[PDB]
Ligand SMILES: *[C@@H]1O[C@H](CO)[C@@H](O)[C@H](O)[C@H]1NC(C)=O
Ligand SMILES: *[C@@H]1O[C@H](CO)[C@@H](O)[C@H](O)[C@H]1NC(C)=O
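Protein chains in written order, with PDB author numbering: chain F, 654 to 718; chain E, 2 to 86; chain G, 25 to 269; chain A, 25 to 98, 111 to 470.
See the structure below:
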């Protein structure tokens, strides 16, 4: 048995074809982000849009080279 | 002139085929039988020991006939199999 | 072409004419727009058609007005389609939509309370940044030493990626001190005051960390720097193309 | 170049029907002759863009069914109309012109879901573009459910008046000549699949021994409708067809070829083999592609069949060895548009053409030879026409070939095989006796 909550979403690929009986499935690589973000961040931004809010948090990151 | 060719087209008679395509397999088999019932005599003649001139004569005289019959069976069979002419 | 957002309450447009007139003298056709008076929104896209080629977001004070006018998910899609952007900020003006958009790019501005200050300064009254802090030659290269005037600026942290283009820096001594007991946003030379960004499609954003940089009352000290930064921002100073490979 | 002003349009009403995947313009004009020597000419003006793609241009009097000698010429461009009888210096005569373009409006949103309806955008000229001074003019659009404009003009006079089934325009009392300063752009609803055949080549194999004429066609089909956003997803497709939503969707699922009267031995083939989803009923061949052709997808396939030859040939009257053949020029899906047509007729091994006539002006005609099964010398005689712009159901003509086929070359076909068999036997003889 398979439940719809099992399979996680696919963030780096996007489906472009699948046969009548779902036998052969053809996916395509997504083009890398224009702004330089990791596509997982784009995914989490598009699936979690309204509730994912944080007031203020100083980001922790390495000193700019 | 398109008008006069189109006038001549309808006026004329239709096309009557030489040998209908429904009775060509019959001729195909009845010619396939004959074209081998004769071409075996050719090989028997050439194999048989006799005068060279007589062998040549009794080979070509009944080889031309087998040639014609095979060249007329290979059209009826080709039409009957679905690859016309 | 260019669109010009502003807010009369926070900062009147009458103190920015000198530069916008300089734009009107270079064939730019810019339509002014208010933030509250116009209840009807503005349309950047109609059926996948970019209307404007440039955007200038003068200081605002957050609110639901800006958030209605241009949300993040629309501004990203506009900037991605070769749309240049200029953007300003200050500890008196930190729009939430601007902050979230810049955070999505990689630039992190300061929050409302935090303000930069430097005790080692020739003029105590306001911030004077020396022309030795220029970090990128193609944007602006100082022919002669000068002093850019800033007032109540707000430095920004930068991530480590290949698109961000630091243009100015803050003096090493300076530091951001907030009213409350919050940790200093940026300490030392790690805090940048003017920061560009170049998309992979050759779109260009420029964030200026002070509302007092472009005011017409300051045009004797930082005239040429502003007139070159506004050229670089609108893709008309350093553009390269390869003809035959 | 401007034609000598000689006529005056005393009425000019034009109607454009956008209902069948190609613009079909119909202009009804009453015309008066300027007082001068009786002239017999007329120059209709097409824009240089539209004139590049026009596939049919007819013109006839309202009173008389018969047509005129309408012809195209060879930056406004012109088409020539010429009257049978010279018009009087001062006379009034009605006339009707029908043109069939090959350009349809581009999808406006361009990205629609597979269940939404698509809207198309078309750019034409509002004020009539004529080579003479026009007195009264009216414009009308028909054939769609809903019309809307796009960047409407401020002036009220230049604004369309909506109607229940049509979109008319107010008559203009005085229009000067060569006025093309207003580029109207209009969007309209349209749910057809917008087929387009980028390349068609159809072969017609005559054969007198078997007395059968067999057709073989190779379609390269492209859908021009709005592409689908978010990419393909079989789940949505197979969940929407189970509900009654397959009314007029804009993707191709089944094509309906219309063959001649009695066809046999139908086949439908693809580049990667045989397609099994075909169905041949009476006078209709239904075809299901491998995948549904959404917007922007290409499908290249082949379809063939066979007919009795007695319906297309006719032996002449004076002699029994002069034949006249009337080959149909197009029979495909109901409403497509062909961007190139290559019509090849393969007359038998020893034919010899005497006359060639076509009812639609072709671009190129040539004669070669091509060898086929049991063609042991010079093969068949191939006669190929090349047409450029053709419509599916209004470019209905018949190419008339007139050739001869003497019995001295009808019976050479068995003899040319008898020669090989006899040579092989006479070679085996020498090889075995030496
Ligand atoms: C709204 O805009 C007007 C523009 O003149 C300004 O004067 C006013 O202060 C603004 N009100 C706000 C931002 O609440
Ligand atoms: C017409 O077809 C012939 C035959 O191949 C070719 O030689 C000639 O160049 C063609 N002309 C045009 C204008 O297409």
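Using N, Cα and C, we set each Cβ at its ideal position, and we do this for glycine too.
According to DSSP, residue 222 of chain G shares a beta bridge with G/228. Assigned with DSSP and collapsed to three states, residue 356 of chain A falls in coil, not helix or strand. Put simply, the segment 265 to 273 of chain A touches the segment 668 to 681 of chain F. At least three CB pairs are less than 8 Å apart. Cβ contact annotation for residue 73 of chain E (same chain, cutoff 7 Å, sequence separation greater than five): 32, in chain order.
Residues of the segment 659 to 678 of chain F with a C-beta less than 8 Å from any C-beta of chain A: 667, 668, 669, 670, 671, 672, 673, 675, listed in chain order. Approximately 7 Å separates the beta-carbon atoms of residue 115 of chain G and residue 137 of chain G; this is inside 8 Å, confirming the contact. Rounded to whole angstroms, the separation of the alpha carbons of residue 433 of chain A and residue 346 of chain A is 19 Å. Per DSSP, residue 245 of chain A is not a residue of any beta strand (DSSP E), being assigned neither H nor E. For residue 14 of chain E, the chain A residues whose C-beta falls within less than 8 Å of its own C-beta are 350, 351, 353, listed in chain order. Interface flag for residue 245 of chain A against chain E is set, since a Cβ pair is found closer than 7 Å. The C-alpha of residue 58 of chain E lies about 57 Å from the C-alpha of residue 311 of chain A.
Straight-line spacing of the CA atoms in residue 170 of chain A and residue 162 of chain A works out to 14 Å.
In this model, residue 222 of chain G and residue 248 of chain G are separated by some 22 Å (Cα to Cα).
If only uninterrupted beta strand (DSSP E) runs of at least 3 residues are considered, those enclosed by the segment 368 to 456 of chain A are 377 to 383, 388 to 393, 400 to 406, 416 to 423, 434 to 440. At least one C-beta of chain F is nearer than 7 Å to the C-beta of residue 270 of chain A. Residues of chain F whose Cβ lies closer than 9 Å to the Cβ of residue 267 of chain A are, in chain order, 667, 668, 669, 670, 681.
Neighbours of residue 10 of chain E in chain A, taken as residues at a C-beta separation under 7 Å, are given in chain order as 350, 360, 362, 436. Between residue 141 of chain G and residue 198 of chain G, the beta carbon gap of about 7 Å places them in contact (Cβ cut-off 8 Å). The segment 190 to 204 of chain A makes no contact with the segment 324 to 341 of chain A; the number of CB pairs closer than 8 Å stays below 3.
Residue burial annotation: residue 282 of chain A is exposed, with fewer than 16 other C-beta atoms found within 10 angstroms of its C-beta. The C-alpha of residue 238 of chain A is placed about 7 Å away from the C-alpha of residue 378 of chain A. Near ligand 1, residues with a Cβ at less than 5 Å from any of the ligand's heavy atoms are G/32, G/33, G/60; the list follows chain order. Residue 45 of chain E sits in a helix when the DSSP states are folded into three classes.
Per DSSP, reduced to three states, the secondary structure at residue 257 of chain G is helical. Any Cβ of chain A closer than 7 Å to the Cβ of residue 18 of chain E would place that residue at the interface, and such an atom is present. Spatial neighbours of residue 422 of chain A in its own chain (CB-CB distance under 6 Å, excluding positions within 5 residues in sequence) are listed in chain order as 378, 399, 400. By the neighbour-count criterion, in which a residue is buried when 16 or more other Cβ atoms sit within 10 angstroms of its Cβ, residue 290 of chain A is exposed. For residue 111 of chain G, the beta-bridge partners assigned by DSSP are G/81, G/231. The shortest C-alpha to C-alpha distance from residue 65 of chain E to any of A/455, A/68, A/351 is the one to A/455. The DSSP-derived three-state label of residue 461 of chain A is helix.
Residue 403 of chain A and residue 388 of chain A have their C-alpha atoms some 10 Å from each other. Residue 293 of chain A has A/321 as its beta-bridge partners, per DSSP.
Of all residues in the segment 402 to 415 of chain A, only 409, 410 place a beta-carbon less than 7 Å from a beta-carbon of chain E.
Put simply, the backbone Cα of residue 68 of chain A is about 29 Å away from that of residue 192 of chain A. Cβ atoms of residue 57 of chain G and residue 29 of chain G come within 8 Å of each other, at about 6 Å.
Under the DSSP assignment, residue 45 of chain G falls in the alpha helix (DSSP H) whose first and last residues are 41 to 48.
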